[PDB]
């Protein structure tokens, strides 16, 4: 209509990327929501630094429409003739053509552009939107924004690139029953009617568009004060006020820890946290207004698990890290996203480590990031940390294991190598140098290279400009050689083409008899190096500190198995987990015989630590998974591993006792017991479940999930399913809801799972934020593995229409096919993919799950007999 679409390419707006010569300085943004109508309007005025002759000005806009022909101002202050406005859909631009070109802003004078826009609050979790909740029987509303990475442009027209930093003064006209929040504190409130209020916020510091946030709400607040004297407050529904307490404690403690560690003041006068009742990601670091999904913020000590406690603490820590890395210093372009996410993923563990001293957090990095992503990054369809992105779908896709976990892992290695004290100072100098501007990876190296004089750029580039990682092959006890580690032995190790040729500069640490030594393994040492007396055993890569795997000689591996059987405590908890993790990965990759790997599990009846058990359970889950339908192998593996956990499972018992890590251990260990078919563990679950159904007995917090899952699995029926469904509706605590959803996915009943799948289309029952979680839970169920898979196929058009191909969670949902392991199942996947070839943000996940399923097929072919032999001979 006004500002209509045109297929005109002849101009610089055909470029995916914005021009270098147009730069915003300041945004004047006003929005007015019609909450009950699911609509809003706004005007935005943008001051523009023009650097080159141009007849056109363009910026990002999606879905939201322009309603008034835009208005441009010369730097002197005069009004500029405008011929046309038009939308260019292909690159999400709205363009305006001036009558006849104009002139760079040479002085302190700037162009001013004003646009009138109207958008929707319904049918979406990005941009500016409204959702509801219930309070004392009344349906209440809350409106908020979510922009990362390319959704600012849905909320309001803007220069929607992270490096187009500008300053912000936002105002909102809302009904008076409501408050309004944004990045900055309130400046002034003025009555429009006796019904409407206009809330104006004070001028922001320069910040990227994706960080710009506002909300209209009727939430209560829980308050805290930083050591700086700034108010740190969490907004929360009155009924849920008590559950905001913990997040308040951790925000205070971690805010205070960080401001000191980074040697830099938090840039805003206040900081707010709020959980939107329906929220599309886990949390979002909007400067001064961090938004949450309830499960990641709201915690009840009387009802929530230790798992939940640690999650809340970590996400809060995480989002707080961004207030420095991401907010103050932002990446120049999304290819450098890890500068944000890896740093947050790394420092989160230090944040919470300060707050909660006996959580062994620094160790837990191995379980949360390091070892999981070493699985991910051993695929051909991984990608380097520095990622080429050319579409919004490509950009959103890279919020993934690589940016977060490998980012986190290579910082962990870097810190240990360069040493913490110097890593600290180097991050500090990087922070003061690039404050309120944008950095590239190159800059962070140079920053740390000024801090250690060590070769940081030379060494870290190898870890960063190519995908994958090495396995160190041990020859003798002491000679090591490096080689790319790929899970698929048939894959071509030189692909895709890398300038660095898939060799790394590896910082290598090893323990000789309780004494530790260091070496940097140069890329150019083509025929390996020797590790610098009188030695019988050499412990390489202690605590799995380096982002690599170590393949000892078979003789050594054998000797490690025996040493574990005799006195496992000889190795640290981490070293055990790491040795077990490498061996099973090496076996998977056909680099070590499975008999050798399995032999390392023999000691387990005496295993008592969290870390080794976690990585054991991870490795076994996969093997068990591949033989699910093998009536010959399965009972044997079940029987074995049942026997290996039984003592620890019995020792810990079905009761909440012990410190944090013990409580976590009991969870995974009792769950594995149940998974492995321990009659007595299953009976504990059923018994507790039956009691829970009696309506009063509040289950031990760290056992609930297991009780709902295995209780429903073993004794669930329509009566208890219906009851569980009601309970899920009735409870206010999102953390409990999510457990109950997992419970409901556990029923061994096709009819009930079918009803459950149908509920996904009902927004009164399942929130939009939870659809993918539920699909994923159902896929874990022995019937539902195929039910969820079939349902996403039948309902693909429906999902795409509801979420759009740009939604990452929709892109990722095909990973429910990870357990598939037959040529039949692979053919199904490929057929579905060929029928719906427009994959959007699902393009990478598709590649990844396909590789995995192919690997599974090969794996079964290579290893069935060997694994069978090992189990048969033992039992």
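Numbering follows the first chain given and starts at 1. Here the rigid core means the biggest group of C-alpha atoms that line up within 1.5 Å when the two forms are laid on top of each other.
Engineer: Fitting on the rigid core only, I'd like to know which of the two stretches, 670-678 or 101-109, ends up farther away in Cα terms in 5 other deposited structures of this protein.
Structural biologist: If we average over structures and residues in 5 other deposited structures of this protein, the farther stretch is 101-109.
Engineer: Please classify the unmodelled stretch of the deposited sequence between residue 532 and residue 533: none, 1 to 3, 4 to 9, or 10 or more residues.
Structural biologist: Going from residue 532 to residue 533, the model skips 4 to 9 residues of the deposited sequence.
Engineer: Pick between 449-457 and 312-320: the one whose mean CA B-factor in the entry is higher.
Structural biologist: Of 312-320 and 449-457, the stretch with the higher C-alpha B-factor average is 449-457.
Engineer: Mean CA B-factor: is it higher for 804-812 or for 66-74?
Structural biologist: Higher of the two, by average CA B-factor, is 66-74.
Engineer: Kindly indicate the residue among 466, 717, 136, 357 with the greatest C-alpha B-factor in the PDB record.
Structural biologist: By C-alpha B-factor in the record, 357 ranks first.
Engineer: Tell me, please, which of 756, 504, 537, 594 has the highest C-alpha B factor according to the deposited entry?
Structural biologist: So the option with the highest C-alpha B-factor is 537.
Engineer: What third of the chain does residue 56 rank in for C-alpha temperature factor, lowest, middle or highest?
Structural biologist: Highest third - that is where residue 56 ends up once the chain's C-alpha B-factors are sorted.
Engineer: Is the Cα B-factor recorded for residue 36 in the lowest, middle or highest third of its chain?
Structural biologist: Middle third by C-alpha B-factor.
Engineer: Lowest, middle or highest third of the chain for the C-alpha temperature factor of residue 336?
Structural biologist: Middle third by C-alpha B-factor.
Engineer: Could you place residue 856 in the lowest, middle or highest third of its chain by Cα temperature factor, using the values in the record?
Structural biologist: According to the entry, residue 856 has a C-alpha B-factor in the chain's lowest third.
Engineer: Would you check the entry's CA temperature factor for residue 742 and let me know if it's in the chain's lowest, middle or highest third?
Structural biologist: Tercile = lowest for this residue's CA B-factor.
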